[PDB]
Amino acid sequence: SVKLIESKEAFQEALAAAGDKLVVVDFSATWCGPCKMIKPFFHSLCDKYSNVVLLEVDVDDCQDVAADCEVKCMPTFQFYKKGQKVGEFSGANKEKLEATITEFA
């Protein structure tokens, strides 16, 4: 299950709960076409990548988190290891998402 993050504190808790695992965060908006497009693929990822943690931030529900994370396009995928951001890209690109996960997992 992709865990929804609705506060700065929940984000910090999720990063701590991940330990050493790659954490991938989908920053999305329900009105944004490419976000809706990629959402089922993003949920399907736990079947492919069983030691990666998947989080979701809805930028409308959590504007202060969005601001802190310097998002400007959606969907934006941010990659975290041991509590730090180690990569990012934006766009509904299945191939790039898989390749980026593989590069950091």
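From 1 onward, residues are counted along the sequence shown.
Here the stretch with the larger average CA B-factor, out of 75-83 and 47-55, is 47-55. Per-chain ranking of the deposited C-alpha B factor places residue 32 in the middle third. In the deposited entry, the Cα temperature factor of residue 2 sits in the middle third of values across the chain's modelled residues. Among the modelled residues of its chain, residue 66 has a C-alpha B-factor that falls in the lowest third according to the deposited record. In the deposited entry, the Cα temperature factor of residue 16 places it in the highest third of its chain's modelled residues.
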